[PDB]
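The block underneath contains the structure these notes are about, expressed in structure tokens.
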Amino acid sequence: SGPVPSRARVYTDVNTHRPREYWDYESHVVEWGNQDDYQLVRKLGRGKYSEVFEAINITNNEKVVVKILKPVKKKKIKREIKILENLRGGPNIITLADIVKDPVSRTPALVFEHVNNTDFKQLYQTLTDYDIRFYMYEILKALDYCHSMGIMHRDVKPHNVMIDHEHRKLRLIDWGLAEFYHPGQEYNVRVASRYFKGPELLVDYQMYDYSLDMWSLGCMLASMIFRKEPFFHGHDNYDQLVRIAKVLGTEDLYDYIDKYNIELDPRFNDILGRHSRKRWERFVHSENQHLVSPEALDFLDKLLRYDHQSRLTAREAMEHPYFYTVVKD
Ligand SMILES: O=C1C=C2C[C@]3(O)COc4c(ccc(O)c4O)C3=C2C=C1O
């Protein structure tokens, strides 16, 4: 009586019919550039797996961004590199311009195109209804592209969506957690930022797919139209599901668990409780109503679904009425 198996309903066998070299990143051999071509200018951010700097290619004065990795097994590094190369040129996919060996850290440094970004914490406050629809559509292009190429991003969140607003330019970044989708494979559920983790991860259902990114995207849309970032703010992974259940309701959550025969952790019994499904309108107020429309709520509703199989795919989402004006251009 284990969980019921699941398969992506789209792009199911993209990797199954690709040459082994496309998805077998462990066998990938890195082509190293020259580190002396770059000079670090300013540290933009520091993470657990790396440090990012604003740099200059001294051979042409071009501004670039350098991500210096910390020691972390070649396999993990190769995966990110292979995924970046496979997706390079894709719509709104961050461009990996070079790969060098940092002499000081003795670790690989990934060189990316530079995006004159506007921190989401500030930007998200000035966005208009049309802006949100436009950027959502652009993110969807990136996701349909990577998904169509057999890759799940697994870390979709505001911070990983760089936006040069004046140029209406967007880039989906940080593919460090991305992975190749193979039907029937059980994946690590310890991915994505807590606030953007899909129900499947929170209930430990390992046979997930591209649909995971759609939930994370839905979380972003909600935070944007309702002006509450993050929308689902849990204290931990357990409480995260509780925050989701307080909105989507426990009825559909349990229907989801039953459908896939998922065994709920013992420490999930007395915290989920019982909650009715709240109407999206309950989150609309004077300060955000100008970003909400029947179209936006219908779209959000088709993204934030417990059952990963019932969520819209990136391609289907692009056909939603919410984007008619954007499509029209
Ligand atoms: O491929 C990329 C590219 C970037 C460019 C950038 O776009 C710059 O700025 C950043 C940052 C990450 C963290 C951070 O704090 C920050 O400021 C970046 C990346 C991460 C990636 O995986």
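If you're wondering about the labels, chains in the structure tokens are A, B, ... by order shown, residues count from 1 in each chain, ligands from 1 in order shown.
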
Please find the residues contacting ligand 1 at a distance of at most 9 Å between atoms, with only C-alpha atoms and all ligand atoms counted, and report them as an mmCIF file with N, CA, C and O atoms, in the first residue's frame.
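Generated output (part-v4.cif):
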```cif
data_model
loop_
_atom_site.group_PDB
_atom_site.id
_atom_site.type_symbol
_atom_site.label_atom_id
_atom_site.label_comp_id
_atom_site.auth_asym_id
_atom_site.auth_seq_id
_atom_site.Cartn_x
_atom_site.Cartn_y
_atom_site.Cartn_z
ATOM 1 N N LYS A 43 30.436 42.603 -4.634
ATOM 2 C CA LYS A 43 29.704 41.415 -4.214
ATOM 3 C C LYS A 43 28.231 41.792 -4.188
ATOM 4 O O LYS A 43 27.839 42.747 -3.514
ATOM 5 N N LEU A 44 27.424 41.048 -4.936
ATOM 6 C CA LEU A 44 25.989 41.299 -5.012
ATOM 7 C C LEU A 44 25.198 40.476 -4.012
ATOM 8 O O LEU A 44 24.113 40.870 -3.595
ATOM 9 N N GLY A 45 25.735 39.319 -3.643
ATOM 10 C CA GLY A 45 25.037 38.468 -2.702
ATOM 11 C C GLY A 45 25.817 37.227 -2.333
ATOM 12 O O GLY A 45 26.671 36.764 -3.092
ATOM 13 N N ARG A 46 25.518 36.689 -1.157
ATOM 14 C CA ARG A 46 26.188 35.494 -0.665
ATOM 15 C C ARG A 46 25.164 34.443 -0.260
ATOM 16 O O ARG A 46 24.203 34.741 0.451
ATOM 17 N N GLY A 47 25.378 33.214 -0.717
ATOM 18 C CA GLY A 47 24.470 32.128 -0.390
ATOM 19 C C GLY A 47 25.211 30.972 0.251
ATOM 20 O O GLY A 47 26.409 31.066 0.516
ATOM 21 N N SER A 50 27.222 29.401 -2.788
ATOM 22 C CA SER A 50 28.020 30.297 -3.617
ATOM 23 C C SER A 50 27.953 31.770 -3.236
ATOM 24 O O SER A 50 27.229 32.173 -2.325
ATOM 25 N N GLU A 51 28.734 32.565 -3.958
ATOM 26 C CA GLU A 51 28.807 34.004 -3.760
ATOM 27 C C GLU A 51 28.713 34.599 -5.156
ATOM 28 O O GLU A 51 29.354 34.115 -6.090
ATOM 29 N N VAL A 52 27.909 35.642 -5.301
ATOM 30 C CA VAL A 52 27.732 36.293 -6.590
ATOM 31 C C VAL A 52 28.346 37.684 -6.606
ATOM 32 O O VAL A 52 28.167 38.468 -5.673
ATOM 33 N N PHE A 53 29.065 37.988 -7.680
ATOM 34 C CA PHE A 53 29.715 39.283 -7.825
ATOM 35 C C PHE A 53 29.424 39.931 -9.169
ATOM 36 O O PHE A 53 29.172 39.247 -10.163
ATOM 37 N N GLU A 54 29.412 41.269 -9.159
ATOM 38 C CA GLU A 54 29.247 42.088 -10.389
ATOM 39 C C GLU A 54 30.661 42.254 -10.947
ATOM 40 O O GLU A 54 31.501 42.846 -10.240
ATOM 41 N N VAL A 64 29.473 41.734 -16.350
ATOM 42 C CA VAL A 64 28.999 40.362 -16.238
ATOM 43 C C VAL A 64 28.768 40.054 -14.771
ATOM 44 O O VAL A 64 29.094 40.856 -13.893
ATOM 45 N N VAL A 65 28.187 38.895 -14.509
ATOM 46 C CA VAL A 65 27.919 38.479 -13.146
ATOM 47 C C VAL A 65 28.638 37.159 -12.952
ATOM 48 O O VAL A 65 28.491 36.240 -13.755
ATOM 49 N N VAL A 66 29.433 37.070 -11.896
ATOM 50 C CA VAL A 66 30.174 35.852 -11.618
ATOM 51 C C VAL A 66 29.675 35.154 -10.374
ATOM 52 O O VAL A 66 29.577 35.751 -9.302
ATOM 53 N N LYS A 67 29.355 33.878 -10.534
ATOM 54 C CA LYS A 67 28.863 33.059 -9.443
ATOM 55 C C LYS A 67 29.985 32.089 -9.086
ATOM 56 O O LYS A 67 30.254 31.135 -9.813
ATOM 57 N N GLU A 80 24.251 21.629 -13.122
ATOM 58 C CA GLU A 80 23.868 23.014 -13.364
ATOM 59 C C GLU A 80 24.462 23.520 -14.672
ATOM 60 O O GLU A 80 23.801 24.220 -15.441
ATOM 61 N N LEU A 84 22.355 24.606 -17.990
ATOM 62 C CA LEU A 84 22.504 25.962 -18.508
ATOM 63 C C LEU A 84 22.864 25.932 -19.994
ATOM 64 O O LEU A 84 22.367 26.738 -20.775
ATOM 65 N N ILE A 93 15.835 32.769 -20.543
ATOM 66 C CA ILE A 93 16.671 31.893 -19.738
ATOM 67 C C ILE A 93 17.979 32.658 -19.568
ATOM 68 O O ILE A 93 18.513 33.162 -20.549
ATOM 69 N N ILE A 94 18.493 32.757 -18.341
ATOM 70 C CA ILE A 94 19.745 33.480 -18.122
ATOM 71 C C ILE A 94 20.847 32.842 -18.966
ATOM 72 O O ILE A 94 20.972 31.619 -19.025
ATOM 73 N N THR A 95 21.648 33.678 -19.613
ATOM 74 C CA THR A 95 22.731 33.189 -20.456
ATOM 75 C C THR A 95 24.054 32.952 -19.748
ATOM 76 O O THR A 95 24.610 33.868 -19.145
ATOM 77 N N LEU A 96 24.550 31.718 -19.830
ATOM 78 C CA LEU A 96 25.822 31.349 -19.217
ATOM 79 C C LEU A 96 26.826 31.722 -20.298
ATOM 80 O O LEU A 96 26.859 31.105 -21.369
ATOM 81 N N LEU A 110 30.930 30.457 -12.495
ATOM 82 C CA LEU A 110 30.066 30.558 -13.666
ATOM 83 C C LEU A 110 29.887 32.036 -13.985
ATOM 84 O O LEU A 110 29.565 32.831 -13.100
ATOM 85 N N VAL A 111 30.090 32.398 -15.248
ATOM 86 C CA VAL A 111 29.955 33.785 -15.690
ATOM 87 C C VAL A 111 28.656 33.948 -16.480
ATOM 88 O O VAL A 111 28.452 33.293 -17.510
ATOM 89 N N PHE A 112 27.790 34.833 -15.990
ATOM 90 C CA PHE A 112 26.500 35.102 -16.621
ATOM 91 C C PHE A 112 26.350 36.505 -17.184
ATOM 92 O O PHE A 112 27.042 37.444 -16.780
ATOM 93 N N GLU A 113 25.416 36.640 -18.117
ATOM 94 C CA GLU A 113 25.151 37.928 -18.729
ATOM 95 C C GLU A 113 24.678 38.781 -17.549
ATOM 96 O O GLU A 113 24.171 38.243 -16.558
ATOM 97 N N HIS A 114 24.838 40.095 -17.649
ATOM 98 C CA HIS A 114 24.423 40.993 -16.580
ATOM 99 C C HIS A 114 23.035 41.576 -16.818
ATOM 100 O O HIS A 114 22.738 42.056 -17.902
ATOM 101 N N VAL A 115 22.197 41.536 -15.790
ATOM 102 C CA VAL A 115 20.841 42.064 -15.871
ATOM 103 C C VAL A 115 20.722 43.212 -14.874
ATOM 104 O O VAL A 115 20.940 43.020 -13.679
ATOM 105 N N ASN A 116 20.402 44.408 -15.362
ATOM 106 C CA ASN A 116 20.262 45.570 -14.483
ATOM 107 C C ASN A 116 18.917 45.419 -13.781
ATOM 108 O O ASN A 116 17.926 46.036 -14.159
ATOM 109 N N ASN A 117 18.912 44.585 -12.748
ATOM 110 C CA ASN A 117 17.726 44.287 -11.950
ATOM 111 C C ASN A 117 17.247 45.324 -10.932
ATOM 112 O O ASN A 117 17.966 46.250 -10.560
ATOM 113 N N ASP A 119 15.456 44.931 -7.331
ATOM 114 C CA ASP A 119 15.029 44.009 -6.281
ATOM 115 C C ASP A 119 13.513 43.905 -6.170
ATOM 116 O O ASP A 119 12.818 44.913 -6.028
ATOM 117 N N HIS A 159 13.129 35.985 -6.098
ATOM 118 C CA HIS A 159 14.562 36.233 -6.174
ATOM 119 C C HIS A 159 15.211 35.636 -7.420
ATOM 120 O O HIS A 159 16.204 36.168 -7.914
ATOM 121 N N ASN A 160 14.650 34.546 -7.940
ATOM 122 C CA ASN A 160 15.222 33.921 -9.123
ATOM 123 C C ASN A 160 14.631 34.384 -10.443
ATOM 124 O O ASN A 160 14.813 33.743 -11.474
ATOM 125 N N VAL A 161 13.922 35.503 -10.395
ATOM 126 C CA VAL A 161 13.301 36.083 -11.577
ATOM 127 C C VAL A 161 13.813 37.522 -11.608
ATOM 128 O O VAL A 161 13.240 38.414 -10.973
ATOM 129 N N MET A 162 14.912 37.729 -12.328
ATOM 130 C CA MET A 162 15.533 39.045 -12.456
ATOM 131 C C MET A 162 14.807 39.890 -13.486
ATOM 132 O O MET A 162 14.550 39.436 -14.607
ATOM 133 N N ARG A 171 14.724 37.544 -16.789
ATOM 134 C CA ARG A 171 15.561 36.354 -16.904
ATOM 135 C C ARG A 171 15.344 35.432 -15.713
ATOM 136 O O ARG A 171 15.377 35.878 -14.566
ATOM 137 N N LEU A 172 15.105 34.153 -15.989
ATOM 138 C CA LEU A 172 14.892 33.167 -14.931
ATOM 139 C C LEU A 172 16.304 32.681 -14.606
ATOM 140 O O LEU A 172 16.994 32.173 -15.488
ATOM 141 N N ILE A 173 16.731 32.846 -13.354
ATOM 142 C CA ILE A 173 18.071 32.430 -12.938
ATOM 143 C C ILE A 173 18.142 31.294 -11.925
ATOM 144 O O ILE A 173 17.130 30.707 -11.533
ATOM 145 N N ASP A 174 19.376 31.026 -11.508
ATOM 146 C CA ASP A 174 19.738 29.994 -10.543
ATOM 147 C C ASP A 174 19.164 28.628 -10.862
ATOM 148 O O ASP A 174 18.111 28.239 -10.353
ATOM 149 N N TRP A 175 19.879 27.890 -11.700
ATOM 150 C CA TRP A 175 19.440 26.560 -12.088
ATOM 151 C C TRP A 175 20.186 25.504 -11.288
ATOM 152 O O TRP A 175 20.272 24.347 -11.692
ATOM 153 N N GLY A 176 20.697 25.919 -10.132
ATOM 154 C CA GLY A 176 21.445 25.024 -9.266
ATOM 155 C C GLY A 176 20.652 23.863 -8.701
ATOM 156 O O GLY A 176 21.241 22.857 -8.291
#
```

Dump as a Markdown table the rows for residues of segment 226-279 of chain A within 9 Å of segment 2-16 of chain A: closest atom pair and distance in Å with one decimal, only C-alpha atoms counted, ordered by chain and rising residue number.
```
| residue | atom | partner | partner_atom | distance |
| --- | --- | --- | --- | --- |
| A:259 | CA | A:4 | CA | 7.8 |
| A:260 | CA | A:4 | CA | 4.7 |
| A:261 | CA | A:3 | CA | 4.9 |
| A:262 | CA | A:3 | CA | 5.2 |
| A:263 | CA | A:3 | CA | 7.6 |
```

If you keep N, CA, C and O atoms, can you produce a file of those selected residues as an mmCIF file, in the first residue's frame?
```cif
data_model
loop_
_atom_site.group_PDB
_atom_site.id
_atom_site.type_symbol
_atom_site.label_atom_id
_atom_site.label_comp_id
_atom_site.auth_asym_id
_atom_site.auth_seq_id
_atom_site.Cartn_x
_atom_site.Cartn_y
_atom_site.Cartn_z
ATOM 1 N N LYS A 259 -6.333 10.190 -3.258
ATOM 2 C CA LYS A 259 -6.113 9.848 -4.657
ATOM 3 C C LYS A 259 -4.770 9.172 -4.912
ATOM 4 O O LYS A 259 -4.686 8.228 -5.694
ATOM 5 N N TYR A 260 -3.722 9.648 -4.248
ATOM 6 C CA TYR A 260 -2.392 9.077 -4.427
ATOM 7 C C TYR A 260 -1.962 8.131 -3.312
ATOM 8 O O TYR A 260 -0.808 7.700 -3.265
ATOM 9 N N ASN A 261 -2.893 7.800 -2.422
ATOM 10 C CA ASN A 261 -2.609 6.901 -1.309
ATOM 11 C C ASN A 261 -1.348 7.322 -0.558
ATOM 12 O O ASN A 261 -0.445 6.516 -0.324
ATOM 13 N N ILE A 262 -1.303 8.592 -0.172
ATOM 14 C CA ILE A 262 -0.164 9.138 0.551
ATOM 15 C C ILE A 262 -0.339 9.024 2.065
ATOM 16 O O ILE A 262 -1.370 9.412 2.614
ATOM 17 N N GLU A 263 0.672 8.481 2.734
ATOM 18 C CA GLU A 263 0.630 8.319 4.183
ATOM 19 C C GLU A 263 1.077 9.627 4.817
ATOM 20 O O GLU A 263 2.205 10.058 4.609
#
```

Distance of atom CA of residue 57 of chain A from atom CA of residue 109 of chain A, expressed in Å to one decimal place:
13.6 Å

Those of segment 32-156 of chain A in DSSP strand (DSSP E), formatted as an mmCIF file with N, CA and C atoms, in the first residue's frame:
```cif
data_model
loop_
_atom_site.group_PDB
_atom_site.id
_atom_site.type_symbol
_atom_site.label_atom_id
_atom_site.label_comp_id
_atom_site.auth_asym_id
_atom_site.auth_seq_id
_atom_site.Cartn_x
_atom_site.Cartn_y
_atom_site.Cartn_z
ATOM 1 N N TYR A 38 38.291 38.164 -16.350
ATOM 2 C CA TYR A 38 37.379 38.862 -15.447
ATOM 3 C C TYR A 38 37.971 39.446 -14.172
ATOM 4 N N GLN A 39 37.407 40.574 -13.756
ATOM 5 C CA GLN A 39 37.837 41.272 -12.552
ATOM 6 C C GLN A 39 36.564 41.552 -11.762
ATOM 7 N N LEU A 40 36.522 41.093 -10.515
ATOM 8 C CA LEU A 40 35.350 41.306 -9.676
ATOM 9 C C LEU A 40 35.246 42.781 -9.316
ATOM 10 N N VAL A 41 34.028 43.309 -9.320
ATOM 11 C CA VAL A 41 33.822 44.709 -8.996
ATOM 12 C C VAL A 41 33.067 44.905 -7.690
ATOM 13 N N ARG A 42 32.030 44.106 -7.468
ATOM 14 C CA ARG A 42 31.249 44.228 -6.243
ATOM 15 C C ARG A 42 30.464 42.966 -5.913
ATOM 16 N N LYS A 43 30.436 42.603 -4.634
ATOM 17 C CA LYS A 43 29.704 41.415 -4.214
ATOM 18 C C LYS A 43 28.231 41.792 -4.188
ATOM 19 N N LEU A 44 27.424 41.048 -4.936
ATOM 20 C CA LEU A 44 25.989 41.299 -5.012
ATOM 21 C C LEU A 44 25.198 40.476 -4.012
ATOM 22 N N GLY A 45 25.735 39.319 -3.643
ATOM 23 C CA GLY A 45 25.037 38.468 -2.702
ATOM 24 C C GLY A 45 25.817 37.227 -2.333
ATOM 25 N N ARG A 46 25.518 36.689 -1.157
ATOM 26 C CA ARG A 46 26.188 35.494 -0.665
ATOM 27 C C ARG A 46 25.164 34.443 -0.260
ATOM 28 N N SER A 50 27.222 29.401 -2.788
ATOM 29 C CA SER A 50 28.020 30.297 -3.617
ATOM 30 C C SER A 50 27.953 31.770 -3.236
ATOM 31 N N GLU A 51 28.734 32.565 -3.958
ATOM 32 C CA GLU A 51 28.807 34.004 -3.760
ATOM 33 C C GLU A 51 28.713 34.599 -5.156
ATOM 34 N N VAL A 52 27.909 35.642 -5.301
ATOM 35 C CA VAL A 52 27.732 36.293 -6.590
ATOM 36 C C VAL A 52 28.346 37.684 -6.606
ATOM 37 N N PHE A 53 29.065 37.988 -7.680
ATOM 38 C CA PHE A 53 29.715 39.283 -7.825
ATOM 39 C C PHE A 53 29.424 39.931 -9.169
ATOM 40 N N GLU A 54 29.412 41.269 -9.159
ATOM 41 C CA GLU A 54 29.247 42.088 -10.389
ATOM 42 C C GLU A 54 30.661 42.254 -10.947
ATOM 43 N N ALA A 55 30.919 41.755 -12.158
ATOM 44 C CA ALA A 55 32.286 41.772 -12.649
ATOM 45 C C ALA A 55 32.407 42.444 -14.004
ATOM 46 N N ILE A 56 33.645 42.585 -14.458
ATOM 47 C CA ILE A 56 33.922 43.209 -15.738
ATOM 48 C C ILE A 56 34.848 42.338 -16.583
ATOM 49 N N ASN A 57 34.491 42.137 -17.846
ATOM 50 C CA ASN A 57 35.317 41.336 -18.741
ATOM 51 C C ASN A 57 36.297 42.389 -19.239
ATOM 52 N N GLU A 62 32.731 44.624 -20.887
ATOM 53 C CA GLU A 62 31.342 44.219 -20.714
ATOM 54 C C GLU A 62 31.086 43.846 -19.257
ATOM 55 N N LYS A 63 29.939 44.256 -18.728
ATOM 56 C CA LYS A 63 29.606 43.936 -17.346
ATOM 57 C C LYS A 63 29.058 42.522 -17.331
ATOM 58 N N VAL A 64 29.473 41.734 -16.350
ATOM 59 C CA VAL A 64 28.999 40.362 -16.238
ATOM 60 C C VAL A 64 28.768 40.054 -14.771
ATOM 61 N N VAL A 65 28.187 38.895 -14.509
ATOM 62 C CA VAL A 65 27.919 38.479 -13.146
ATOM 63 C C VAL A 65 28.638 37.159 -12.952
ATOM 64 N N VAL A 66 29.433 37.070 -11.896
ATOM 65 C CA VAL A 66 30.174 35.852 -11.618
ATOM 66 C C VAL A 66 29.675 35.154 -10.374
ATOM 67 N N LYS A 67 29.355 33.878 -10.534
ATOM 68 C CA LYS A 67 28.863 33.059 -9.443
ATOM 69 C C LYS A 67 29.985 32.089 -9.086
ATOM 70 N N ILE A 68 30.661 32.357 -7.975
ATOM 71 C CA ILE A 68 31.755 31.505 -7.530
ATOM 72 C C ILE A 68 31.165 30.435 -6.635
ATOM 73 N N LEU A 69 31.336 29.183 -7.038
ATOM 74 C CA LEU A 69 30.810 28.065 -6.275
ATOM 75 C C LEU A 69 31.717 27.667 -5.122
ATOM 76 N N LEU A 96 24.550 31.718 -19.830
ATOM 77 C CA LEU A 96 25.822 31.349 -19.217
ATOM 78 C C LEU A 96 26.826 31.722 -20.298
ATOM 79 N N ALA A 97 27.628 32.740 -20.018
ATOM 80 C CA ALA A 97 28.631 33.227 -20.953
ATOM 81 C C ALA A 97 30.000 32.561 -20.861
ATOM 82 N N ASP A 98 30.374 32.086 -19.681
ATOM 83 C CA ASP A 98 31.675 31.449 -19.537
ATOM 84 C C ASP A 98 31.723 30.609 -18.274
ATOM 85 N N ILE A 99 32.765 29.795 -18.176
ATOM 86 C CA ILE A 99 32.980 28.922 -17.038
ATOM 87 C C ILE A 99 34.478 28.965 -16.819
ATOM 88 N N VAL A 100 34.896 29.424 -15.650
ATOM 89 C CA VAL A 100 36.315 29.504 -15.359
ATOM 90 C C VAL A 100 36.637 28.923 -13.996
ATOM 91 N N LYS A 101 37.927 28.752 -13.742
ATOM 92 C CA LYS A 101 38.387 28.210 -12.476
ATOM 93 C C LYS A 101 38.937 29.384 -11.677
ATOM 94 N N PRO A 108 35.002 26.303 -9.310
ATOM 95 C CA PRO A 108 34.477 26.797 -10.583
ATOM 96 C C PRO A 108 33.681 28.080 -10.388
ATOM 97 N N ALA A 109 33.762 28.969 -11.368
ATOM 98 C CA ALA A 109 33.043 30.227 -11.313
ATOM 99 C C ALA A 109 32.249 30.318 -12.612
ATOM 100 N N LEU A 110 30.930 30.457 -12.495
ATOM 101 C CA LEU A 110 30.066 30.558 -13.666
ATOM 102 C C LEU A 110 29.887 32.036 -13.985
ATOM 103 N N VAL A 111 30.090 32.398 -15.248
ATOM 104 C CA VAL A 111 29.955 33.785 -15.690
ATOM 105 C C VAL A 111 28.656 33.948 -16.480
ATOM 106 N N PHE A 112 27.790 34.833 -15.990
ATOM 107 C CA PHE A 112 26.500 35.102 -16.621
ATOM 108 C C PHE A 112 26.350 36.505 -17.184
ATOM 109 N N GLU A 113 25.416 36.640 -18.117
ATOM 110 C CA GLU A 113 25.151 37.928 -18.729
ATOM 111 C C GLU A 113 24.678 38.781 -17.549
ATOM 112 N N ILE A 151 13.423 19.653 -18.460
ATOM 113 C CA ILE A 151 14.046 20.149 -17.236
ATOM 114 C C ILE A 151 13.068 20.846 -16.291
ATOM 115 N N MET A 152 13.165 20.524 -15.001
ATOM 116 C CA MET A 152 12.309 21.117 -13.966
ATOM 117 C C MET A 152 13.245 22.117 -13.291
#
```

Just the alpha helix (DSSP H) stuff from segment 52-253 of chain A, please, per backbone DSSP, written as a ChimeraX atom specification.
/A:74-87,120-123,129-148,199-202,211-226,237-248,250-253

Please save C-alpha atoms of the selected residues as a CSV table (one decimal), in the first residue's frame.
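Below is the file result-v2.csv, written as the result:
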```csv
chain,number,residue,atom,x,y,z
A,74,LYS,CA,31.6,17.7,-9.4
A,75,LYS,CA,28.3,16.0,-10.2
A,76,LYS,CA,26.2,18.8,-8.7
A,77,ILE,CA,28.3,21.4,-10.5
A,78,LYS,CA,28.1,19.5,-13.8
A,79,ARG,CA,24.3,19.3,-13.6
A,80,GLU,CA,23.9,23.0,-13.4
A,81,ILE,CA,26.4,23.6,-16.1
A,82,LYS,CA,24.8,21.0,-18.5
A,83,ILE,CA,21.3,22.4,-17.8
A,84,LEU,CA,22.5,26.0,-18.5
A,85,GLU,CA,24.1,24.9,-21.8
A,86,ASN,CA,21.1,22.9,-22.9
A,87,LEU,CA,18.8,25.8,-22.2
A,120,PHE,CA,11.6,42.4,-6.1
A,121,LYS,CA,11.1,43.8,-2.6
A,122,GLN,CA,11.0,47.3,-4.1
A,123,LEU,CA,9.7,46.6,-7.6
A,129,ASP,CA,-2.0,45.1,-13.5
A,130,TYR,CA,-0.5,45.0,-17.1
A,131,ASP,CA,3.0,44.7,-15.7
A,132,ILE,CA,2.2,41.6,-13.7
A,133,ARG,CA,0.4,40.0,-16.6
A,134,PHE,CA,3.3,40.8,-18.9
A,135,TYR,CA,6.0,39.4,-16.6
A,136,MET,CA,4.0,36.3,-15.8
A,137,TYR,CA,3.7,35.6,-19.5
A,138,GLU,CA,7.4,36.0,-19.9
A,139,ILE,CA,8.1,33.7,-17.0
A,140,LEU,CA,5.8,31.1,-18.6
A,141,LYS,CA,7.8,31.3,-21.8
A,142,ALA,CA,10.9,30.3,-19.9
A,143,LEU,CA,9.1,27.5,-18.0
A,144,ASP,CA,7.4,26.0,-21.1
A,145,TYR,CA,10.8,26.1,-22.7
A,146,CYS,CA,12.8,24.3,-20.0
A,147,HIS,CA,9.9,21.9,-19.4
A,148,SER,CA,9.8,21.1,-23.1
A,199,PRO,CA,2.0,20.2,-1.6
A,200,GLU,CA,3.7,17.2,-3.2
A,201,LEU,CA,7.0,18.1,-1.5
A,202,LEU,CA,5.3,18.9,1.8
A,211,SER,CA,4.0,20.8,-12.5
A,212,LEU,CA,6.0,21.6,-9.3
A,213,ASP,CA,7.2,24.9,-10.9
A,214,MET,CA,3.6,25.8,-11.7
A,215,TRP,CA,2.6,25.8,-8.0
A,216,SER,CA,5.6,28.0,-7.2
A,217,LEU,CA,4.6,30.3,-10.0
A,218,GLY,CA,1.0,30.4,-8.6
A,219,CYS,CA,2.5,31.4,-5.3
A,220,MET,CA,4.3,34.3,-7.0
A,221,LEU,CA,1.2,35.5,-8.8
A,222,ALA,CA,-0.8,35.5,-5.5
A,223,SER,CA,1.9,37.5,-3.8
A,224,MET,CA,1.9,40.0,-6.7
A,225,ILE,CA,-1.8,40.6,-7.2
A,226,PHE,CA,-2.7,40.5,-3.5
A,237,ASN,CA,7.6,22.8,6.2
A,238,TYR,CA,4.8,21.4,8.3
A,239,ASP,CA,3.3,24.8,9.1
A,240,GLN,CA,3.7,25.7,5.4
A,241,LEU,CA,1.1,23.1,4.4
A,242,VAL,CA,-1.1,24.4,7.2
A,243,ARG,CA,-1.0,27.9,5.8
A,244,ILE,CA,-1.9,26.5,2.4
A,245,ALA,CA,-4.8,24.4,3.8
A,246,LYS,CA,-6.2,27.5,5.6
A,247,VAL,CA,-6.8,28.9,2.1
A,248,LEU,CA,-7.4,26.0,-0.3
A,250,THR,CA,-8.6,20.6,3.9
A,251,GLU,CA,-11.3,18.8,1.9
A,252,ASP,CA,-9.4,19.0,-1.4
A,253,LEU,CA,-6.1,18.3,0.5
```

Atom pair atom CA of residue 268 of chain A / atom CA of residue 154 of chain A: separation (Å):
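Interatomic distance, atom CA of residue 268 of chain A to atom CA of residue 154 of chain A: 23.8 Å.
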
Counting only C-alpha atoms, which of A:288, A:208, A:306, A:276 gets nearest to residue 255 of chain A?
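For residue 255 of chain A, the nearest of the given residues is A:306.
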